[PDB]
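Undergrad: Quick one, input34.cif (mmCIF, C-alpha atoms; chains and numbers go by the auth columns):
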data_start
#
loop_
_atom_site.group_PDB
_atom_site.id
_atom_site.type_symbol
_atom_site.label_atom_id
_atom_site.label_comp_id
_atom_site.label_asym_id
_atom_site.label_seq_id
_atom_site.Cartn_x
_atom_site.Cartn_y
_atom_site.Cartn_z
_atom_site.B_iso_or_equiv
_atom_site.auth_seq_id
_atom_site.auth_asym_id
ATOM 1 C CA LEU A 1 -28.581 -24.702 19.314 0.00 1 A
ATOM 2 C CA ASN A 2 -30.851 -26.692 21.640 0.00 2 A
ATOM 3 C CA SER A 3 -27.992 -28.091 23.708 0.00 3 A
ATOM 4 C CA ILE A 4 -28.592 -29.648 27.120 0.00 4 A
ATOM 5 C CA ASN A 5 -24.960 -29.396 28.295 0.00 5 A
ATOM 6 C CA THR A 6 -24.284 -25.680 27.697 0.00 6 A
ATOM 7 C CA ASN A 7 -26.449 -22.648 28.557 0.00 7 A
ATOM 8 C CA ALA A 8 -24.769 -19.462 27.317 0.00 8 A
ATOM 9 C CA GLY A 9 -27.753 -17.251 28.136 0.00 9 A
ATOM 10 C CA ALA A 10 -27.491 -18.257 31.783 0.00 10 A
ATOM 11 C CA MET A 11 -23.787 -17.362 31.690 0.00 11 A
ATOM 12 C CA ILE A 12 -24.503 -13.886 30.312 0.00 12 A
ATOM 13 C CA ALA A 13 -27.322 -13.348 32.810 0.00 13 A
ATOM 14 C CA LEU A 14 -25.036 -14.376 35.671 0.00 14 A
ATOM 15 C CA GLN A 15 -22.354 -11.955 34.486 0.00 15 A
ATOM 16 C CA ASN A 16 -24.873 -9.102 34.423 0.00 16 A
ATOM 17 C CA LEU A 17 -26.201 -10.049 37.865 0.00 17 A
ATOM 18 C CA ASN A 18 -22.657 -10.135 39.261 0.00 18 A
ATOM 19 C CA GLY A 19 -22.015 -6.656 37.885 0.00 19 A
ATOM 20 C CA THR A 20 -25.190 -5.424 39.563 0.00 20 A
ATOM 21 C CA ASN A 21 -24.080 -7.055 42.827 0.00 21 A
ATOM 22 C CA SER A 22 -20.693 -5.331 42.672 0.00 22 A
ATOM 23 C CA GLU A 23 -22.276 -1.930 42.030 0.00 23 A
ATOM 24 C CA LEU A 24 -24.689 -2.460 44.926 0.00 24 A
ATOM 25 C CA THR A 25 -21.832 -3.382 47.274 0.00 25 A
ATOM 26 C CA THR A 26 -19.900 -0.277 46.218 0.00 26 A
ATOM 27 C CA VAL A 27 -22.913 1.918 46.972 0.00 27 A
ATOM 28 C CA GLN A 28 -23.399 0.152 50.320 0.00 28 A
ATOM 29 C CA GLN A 29 -19.820 0.992 51.289 0.00 29 A
ATOM 30 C CA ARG A 30 -20.147 4.577 50.092 0.00 30 A
ATOM 31 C CA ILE A 31 -23.291 4.998 52.211 0.00 31 A
ATOM 32 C CA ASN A 32 -22.185 3.362 55.458 0.00 32 A
ATOM 33 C CA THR A 33 -18.784 5.082 55.363 0.00 33 A
ATOM 34 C CA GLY A 34 -19.885 8.443 53.967 0.00 34 A
ATOM 35 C CA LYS A 35 -16.756 8.559 51.789 0.00 35 A
ATOM 36 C CA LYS A 36 -16.404 7.958 48.068 0.00 36 A
ATOM 37 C CA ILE A 37 -12.685 7.268 48.621 0.00 37 A
ATOM 38 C CA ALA A 38 -12.571 5.376 51.916 0.00 38 A
ATOM 39 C CA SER A 39 -9.419 3.371 51.134 0.00 39 A
ATOM 40 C CA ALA A 40 -6.410 3.167 48.844 0.00 40 A
ATOM 41 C CA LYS A 41 -8.359 0.849 46.533 0.00 41 A
ATOM 42 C CA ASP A 42 -11.006 3.449 45.678 0.00 42 A
ATOM 43 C CA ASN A 43 -8.425 5.930 44.378 0.00 43 A
ATOM 44 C CA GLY A 44 -4.801 5.670 45.465 0.00 44 A
ATOM 45 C CA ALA A 45 -3.580 9.163 44.619 0.00 45 A
ATOM 46 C CA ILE A 46 -6.499 11.130 46.056 0.00 46 A
ATOM 47 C CA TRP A 47 -6.487 8.909 49.147 0.00 47 A
ATOM 48 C CA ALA A 48 -2.774 9.636 49.593 0.00 48 A
ATOM 49 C CA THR A 49 -3.353 13.378 49.261 0.00 49 A
ATOM 50 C CA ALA A 50 -6.212 13.180 51.767 0.00 50 A
ATOM 51 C CA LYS A 51 -4.112 11.257 54.296 0.00 51 A
ATOM 52 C CA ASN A 52 -1.355 13.857 54.023 0.00 52 A
ATOM 53 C CA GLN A 53 -3.813 16.747 54.365 0.00 53 A
ATOM 54 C CA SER A 54 -5.506 15.148 57.380 0.00 54 A
ATOM 55 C CA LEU B 1 -44.789 -36.371 -0.669 0.00 1 B
ATOM 56 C CA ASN B 2 -44.735 -39.063 2.032 0.00 2 B
ATOM 57 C CA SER B 3 -41.012 -39.374 2.665 0.00 3 B
ATOM 58 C CA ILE B 4 -39.659 -41.417 5.549 0.00 4 B
ATOM 59 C CA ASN B 5 -36.094 -40.041 5.411 0.00 5 B
ATOM 60 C CA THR B 6 -36.905 -36.298 5.449 0.00 6 B
ATOM 61 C CA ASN B 7 -39.348 -33.925 7.137 0.00 7 B
ATOM 62 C CA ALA B 8 -39.418 -30.356 5.806 0.00 8 B
ATOM 63 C CA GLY B 9 -42.229 -29.231 8.106 0.00 9 B
ATOM 64 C CA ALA B 10 -40.097 -30.061 11.131 0.00 10 B
ATOM 65 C CA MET B 11 -37.292 -27.983 9.608 0.00 11 B
ATOM 66 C CA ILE B 12 -39.542 -24.948 9.137 0.00 12 B
ATOM 67 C CA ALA B 13 -40.955 -25.313 12.652 0.00 13 B
ATOM 68 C CA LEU B 14 -37.422 -25.528 14.052 0.00 14 B
ATOM 69 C CA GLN B 15 -36.348 -22.367 12.220 0.00 15 B
ATOM 70 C CA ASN B 16 -39.369 -20.496 13.580 0.00 16 B
ATOM 71 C CA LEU B 17 -38.671 -21.790 17.093 0.00 17 B
ATOM 72 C CA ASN B 18 -35.026 -20.703 16.885 0.00 18 B
ATOM 73 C CA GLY B 19 -36.144 -17.234 15.820 0.00 19 B
ATOM 74 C CA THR B 20 -38.527 -17.051 18.773 0.00 20 B
ATOM 75 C CA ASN B 21 -35.773 -18.130 21.175 0.00 21 B
ATOM 76 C CA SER B 22 -33.391 -15.534 19.732 0.00 22 B
ATOM 77 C CA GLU B 23 -35.948 -12.773 20.297 0.00 23 B
ATOM 78 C CA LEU B 24 -36.642 -14.069 23.808 0.00 24 B
ATOM 79 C CA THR B 25 -32.933 -14.113 24.697 0.00 25 B
ATOM 80 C CA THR B 26 -32.533 -10.576 23.354 0.00 26 B
ATOM 81 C CA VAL B 27 -35.376 -9.471 25.624 0.00 27 B
ATOM 82 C CA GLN B 28 -33.785 -11.356 28.543 0.00 28 B
ATOM 83 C CA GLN B 29 -30.469 -9.565 28.112 0.00 29 B
ATOM 84 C CA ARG B 30 -32.197 -6.208 27.604 0.00 30 B
ATOM 85 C CA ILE B 31 -34.211 -6.533 30.821 0.00 31 B
ATOM 86 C CA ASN B 32 -31.197 -7.795 32.760 0.00 32 B
ATOM 87 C CA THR B 33 -28.675 -5.121 31.769 0.00 33 B
ATOM 88 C CA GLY B 34 -31.329 -2.389 31.757 0.00 34 B
ATOM 89 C CA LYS B 35 -30.132 -1.008 28.403 0.00 35 B
ATOM 90 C CA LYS B 36 -31.284 -1.584 24.838 0.00 36 B
ATOM 91 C CA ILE B 37 -27.670 -1.051 23.708 0.00 37 B
ATOM 92 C CA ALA B 38 -25.290 -2.826 26.089 0.00 38 B
ATOM 93 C CA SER B 39 -22.443 -3.761 23.728 0.00 39 B
ATOM 94 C CA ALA B 40 -20.942 -2.936 20.353 0.00 40 B
ATOM 95 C CA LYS B 41 -22.915 -5.876 18.944 0.00 41 B
ATOM 96 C CA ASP B 42 -26.209 -4.160 19.802 0.00 42 B
ATOM 97 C CA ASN B 43 -25.409 -1.103 17.653 0.00 43 B
ATOM 98 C CA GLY B 44 -21.829 0.023 17.141 0.00 44 B
ATOM 99 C CA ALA B 45 -22.367 3.675 16.239 0.00 45 B
ATOM 100 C CA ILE B 46 -24.533 4.847 19.136 0.00 46 B
ATOM 101 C CA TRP B 47 -22.590 2.491 21.410 0.00 47 B
ATOM 102 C CA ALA B 48 -19.330 4.298 20.659 0.00 48 B
ATOM 103 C CA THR B 49 -21.071 7.676 20.865 0.00 49 B
ATOM 104 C CA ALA B 50 -22.522 6.913 24.300 0.00 50 B
ATOM 105 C CA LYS B 51 -19.220 5.453 25.509 0.00 51 B
ATOM 106 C CA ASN B 52 -17.314 8.619 24.607 0.00 52 B
ATOM 107 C CA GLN B 53 -20.069 10.819 26.039 0.00 53 B
ATOM 108 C CA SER B 54 -20.133 8.852 29.300 0.00 54 B
ATOM 109 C CA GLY C 1 -14.166 -15.249 34.491 0.00 1 C
ATOM 110 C CA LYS C 2 -15.535 -13.947 31.198 0.00 2 C
ATOM 111 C CA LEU C 3 -12.833 -15.828 29.268 0.00 3 C
ATOM 112 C CA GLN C 4 -13.650 -19.084 31.059 0.00 4 C
ATOM 113 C CA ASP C 5 -17.324 -18.637 30.187 0.00 5 C
ATOM 114 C CA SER C 6 -16.413 -17.985 26.546 0.00 6 C
ATOM 115 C CA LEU C 7 -14.229 -21.107 26.385 0.00 7 C
ATOM 116 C CA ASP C 8 -16.998 -23.260 27.865 0.00 8 C
ATOM 117 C CA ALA C 9 -19.488 -21.831 25.368 0.00 9 C
ATOM 118 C CA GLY C 10 -17.083 -22.596 22.526 0.00 10 C
ATOM 119 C CA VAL C 11 -16.702 -26.206 23.646 0.00 11 C
ATOM 120 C CA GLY C 12 -20.482 -26.483 23.860 0.00 12 C
ATOM 121 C CA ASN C 13 -20.824 -25.107 20.340 0.00 13 C
ATOM 122 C CA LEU C 14 -18.183 -27.599 19.216 0.00 14 C
ATOM 123 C CA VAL C 15 -19.494 -30.896 20.621 0.00 15 C
ATOM 124 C CA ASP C 16 -23.109 -30.508 21.715 0.00 16 C
ATOM 125 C CA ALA C 17 -25.912 -31.826 19.525 0.00 17 C
ATOM 126 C CA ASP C 18 -29.013 -29.922 18.407 0.00 18 C
ATOM 127 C CA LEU C 19 -31.391 -32.304 20.165 0.00 19 C
ATOM 128 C CA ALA C 20 -34.487 -30.792 18.533 0.00 20 C
ATOM 129 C CA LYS C 21 -33.364 -32.410 15.267 0.00 21 C
ATOM 130 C CA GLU C 22 -32.892 -35.855 16.801 0.00 22 C
ATOM 131 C CA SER C 23 -36.334 -35.553 18.412 0.00 23 C
ATOM 132 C CA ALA C 24 -37.679 -36.023 14.867 0.00 24 C
ATOM 133 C CA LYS C 25 -34.877 -38.242 13.571 0.00 25 C
ATOM 134 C CA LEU C 26 -35.614 -40.774 16.322 0.00 26 C
ATOM 135 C CA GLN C 27 -39.254 -41.263 15.335 0.00 27 C
ATOM 136 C CA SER C 28 -38.283 -41.353 11.661 0.00 28 C
ATOM 137 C CA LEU C 29 -35.746 -44.123 12.291 0.00 29 C
ATOM 138 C CA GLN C 30 -38.159 -46.086 14.494 0.00 30 C
ATOM 139 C CA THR C 31 -40.741 -46.097 11.707 0.00 31 C
ATOM 140 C CA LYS C 32 -37.975 -46.933 9.219 0.00 32 C
ATOM 141 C CA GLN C 33 -36.906 -49.905 11.342 0.00 33 C
ATOM 142 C CA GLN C 34 -40.505 -51.124 11.461 0.00 34 C
ATOM 143 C CA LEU C 35 -40.771 -50.925 7.664 0.00 35 C
ATOM 144 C CA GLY C 36 -37.441 -52.727 7.340 0.00 36 C
ATOM 145 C CA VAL C 37 -38.602 -55.562 9.580 0.00 37 C
ATOM 146 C CA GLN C 38 -41.796 -55.934 7.542 0.00 38 C
ATOM 147 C CA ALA C 39 -39.841 -55.904 4.270 0.00 39 C
ATOM 148 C CA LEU C 40 -37.379 -58.544 5.483 0.00 40 C
ATOM 149 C CA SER C 41 -40.258 -60.675 6.779 0.00 41 C
ATOM 150 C CA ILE C 42 -41.936 -60.516 3.366 0.00 42 C
ATOM 151 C CA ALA C 43 -38.677 -61.288 1.554 0.00 43 C
ATOM 152 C CA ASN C 44 -37.926 -64.315 3.742 0.00 44 C
ATOM 153 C CA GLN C 45 -41.012 -66.148 2.440 0.00 45 C
ATOM 154 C CA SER C 46 -40.049 -66.326 -1.250 0.00 46 C
ATOM 155 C CA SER C 47 -39.141 -70.013 -0.890 0.00 47 C
ATOM 156 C CA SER C 48 -42.611 -70.892 0.440 0.00 48 C
ATOM 157 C CA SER C 49 -44.133 -70.425 -3.027 0.00 49 C
ATOM 158 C CA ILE C 50 -42.102 -73.379 -4.345 0.00 50 C
ATOM 159 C CA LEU C 51 -44.220 -75.908 -2.437 0.00 51 C
ATOM 160 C CA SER C 52 -47.359 -74.994 -4.391 0.00 52 C
ATOM 161 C CA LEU C 53 -45.884 -76.338 -7.645 0.00 53 C
ATOM 162 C CA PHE C 54 -45.649 -79.901 -6.284 0.00 54 C
#
Can I see the file as structure tokens?
TA:
Amino acid sequence: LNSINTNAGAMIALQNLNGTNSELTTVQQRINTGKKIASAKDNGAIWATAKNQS
Amino acid sequence: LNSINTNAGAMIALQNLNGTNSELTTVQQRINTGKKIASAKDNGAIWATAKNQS
Amino acid sequence: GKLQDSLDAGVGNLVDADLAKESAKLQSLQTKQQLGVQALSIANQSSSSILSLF
């Protein structure tokens, strides 16, 4: 398929790049905060237990 | 054979070119994801094994 | 996002042409049109031979 309107390989490459970007942002947060569970979004139950313990 | 309506050599060249593009896209996806087996389509057995092990 | 990409790829598979085939079909039809013009030009002159008999 030598189409000029659709480029599926670019779509797949963009999906992979977006996944890499998300992983990099997660590691950036985990470094600058020093916490693997810095908010309710990271893990709700363990974050709740930590808030109660603190 | 000096046909005006058909061109078998162009057909063979197009098949070879499509094969080359398929190999090139496989290498693109393999470099981008960083894994030689990134989905069940790559190889189902070791894919499932690695998924369970991970 | 992945579903939208898949739908766009399906539409592209459904309507888009394989332009590498028309890259050869175009030259084939141009040469065919030239041969057709020459053939019609030859056929138009059949009446001219009648003058020689008089």
Undergrad: May I ask for the distance between atom CA of residue 14 of chain B and atom CA of residue 4 of chain A, given in Å to one decimal place?
TA: 16.3 Å
Undergrad: Would you write out, as a count of residues only, every residue that the PyMOL selection byres ((chain C) within 9 of (chain A)) captures in this file?
TA: 15
Undergrad: With a cut-off of 7 Å and counting all atoms listed in the file, select all residues of chain B in contact with chain A and give the selection as a list in words.
TA: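 Listed by rising number, the hits are residues 25, 29, 32 and 33 of chain B.
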Undergrad: Which residues match the PyMOL selection byres ((chain B and resi 38) around 12) in the file above, as a PyMOL selection string?
TA: (chain A and resi 12+16) or (chain B and resi 26+29-37+39-44+46-48+50-51)
Undergrad: Rotate and translate chain A onto chain B via least squares on all in-order Cα pairs, then write the result as a PDB file with C-alpha atoms, keeping the file's coordinate frame.
TA:
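To be explicit, this is the file written out as selection-v4.pdb:
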ATOM      1  CA  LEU A   1     -44.667 -36.579  -0.541  1.00  0.00           C
ATOM      2  CA  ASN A   2     -44.967 -39.189   2.219  1.00  0.00           C
ATOM      3  CA  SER A   3     -41.218 -39.573   2.665  1.00  0.00           C
ATOM      4  CA  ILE A   4     -39.749 -41.226   5.753  1.00  0.00           C
ATOM      5  CA  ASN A   5     -36.226 -39.801   5.305  1.00  0.00           C
ATOM      6  CA  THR A   6     -37.010 -36.070   5.010  1.00  0.00           C
ATOM      7  CA  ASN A   7     -39.347 -33.904   7.123  1.00  0.00           C
ATOM      8  CA  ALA A   8     -39.412 -30.350   5.754  1.00  0.00           C
ATOM      9  CA  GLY A   9     -42.219 -29.226   8.060  1.00  0.00           C
ATOM     10  CA  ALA A  10     -40.078 -30.077  11.072  1.00  0.00           C
ATOM     11  CA  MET A  11     -37.249 -28.026   9.550  1.00  0.00           C
ATOM     12  CA  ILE A  12     -39.487 -24.978   9.111  1.00  0.00           C
ATOM     13  CA  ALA A  13     -40.916 -25.376  12.614  1.00  0.00           C
ATOM     14  CA  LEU A  14     -37.406 -25.592  14.064  1.00  0.00           C
ATOM     15  CA  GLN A  15     -36.375 -22.435  12.212  1.00  0.00           C
ATOM     16  CA  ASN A  16     -39.370 -20.557  13.624  1.00  0.00           C
ATOM     17  CA  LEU A  17     -38.683 -21.870  17.133  1.00  0.00           C
ATOM     18  CA  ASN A  18     -35.037 -20.792  16.873  1.00  0.00           C
ATOM     19  CA  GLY A  19     -36.127 -17.300  15.861  1.00  0.00           C
ATOM     20  CA  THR A  20     -38.426 -17.161  18.879  1.00  0.00           C
ATOM     21  CA  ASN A  21     -35.555 -18.328  21.102  1.00  0.00           C
ATOM     22  CA  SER A  22     -33.264 -15.596  19.776  1.00  0.00           C
ATOM     23  CA  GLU A  23     -35.886 -12.898  20.351  1.00  0.00           C
ATOM     24  CA  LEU A  24     -36.482 -14.172  23.888  1.00  0.00           C
ATOM     25  CA  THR A  25     -32.748 -14.104  24.652  1.00  0.00           C
ATOM     26  CA  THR A  26     -32.495 -10.544  23.329  1.00  0.00           C
ATOM     27  CA  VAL A  27     -35.351  -9.446  25.588  1.00  0.00           C
ATOM     28  CA  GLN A  28     -33.753 -11.260  28.541  1.00  0.00           C
ATOM     29  CA  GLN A  29     -30.540  -9.297  28.015  1.00  0.00           C
ATOM     30  CA  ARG A  30     -32.400  -6.018  27.588  1.00  0.00           C
ATOM     31  CA  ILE A  31     -34.239  -6.634  30.873  1.00  0.00           C
ATOM     32  CA  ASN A  32     -31.377  -7.807  33.082  1.00  0.00           C
ATOM     33  CA  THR A  33     -29.047  -5.075  31.803  1.00  0.00           C
ATOM     34  CA  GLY A  34     -31.585  -2.261  31.493  1.00  0.00           C
ATOM     35  CA  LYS A  35     -29.943  -1.142  28.238  1.00  0.00           C
ATOM     36  CA  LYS A  36     -31.127  -1.612  24.673  1.00  0.00           C
ATOM     37  CA  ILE A  37     -27.532  -1.052  23.499  1.00  0.00           C
ATOM     38  CA  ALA A  38     -25.413  -2.790  26.133  1.00  0.00           C
ATOM     39  CA  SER A  39     -22.507  -3.664  23.817  1.00  0.00           C
ATOM     40  CA  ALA A  40     -20.923  -2.887  20.467  1.00  0.00           C
ATOM     41  CA  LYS A  41     -22.922  -5.723  18.894  1.00  0.00           C
ATOM     42  CA  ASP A  42     -26.304  -4.129  19.615  1.00  0.00           C
ATOM     43  CA  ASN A  43     -25.427  -0.949  17.711  1.00  0.00           C
ATOM     44  CA  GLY A  44     -21.801  -0.011  17.116  1.00  0.00           C
ATOM     45  CA  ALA A  45     -22.169   3.685  16.336  1.00  0.00           C
ATOM     46  CA  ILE A  46     -24.574   4.602  19.134  1.00  0.00           C
ATOM     47  CA  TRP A  47     -22.536   2.519  21.583  1.00  0.00           C
ATOM     48  CA  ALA A  48     -19.409   4.416  20.516  1.00  0.00           C
ATOM     49  CA  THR A  49     -21.144   7.765  20.992  1.00  0.00           C
ATOM     50  CA  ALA A  50     -22.387   6.658  24.416  1.00  0.00           C
ATOM     51  CA  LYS A  51     -18.921   5.533  25.521  1.00  0.00           C
ATOM     52  CA  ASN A  52     -17.472   8.888  24.479  1.00  0.00           C
ATOM     53  CA  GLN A  53     -20.246  10.822  26.232  1.00  0.00           C
ATOM     54  CA  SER A  54     -19.866   8.772  29.421  1.00  0.00           C
TER      55      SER A  54
END
Undergrad: Could you tell me how far atom CA of residue 21 of chain A sits from atom CA of residue 28 of chain B, in Å to one decimal place?
TA: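 So the two atoms, atom CA of residue 28 of chain B and atom CA of residue 21 of chain A, lie 17.8 Å apart.
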Undergrad: Rounded to one decimal in Å, what is the spacing between atom CA of residue 22 of chain C and atom CA of residue 18 of chain B?
TA: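 According to the coordinates, atom CA of residue 22 of chain C and atom CA of residue 18 of chain B are separated by 15.3 Å.
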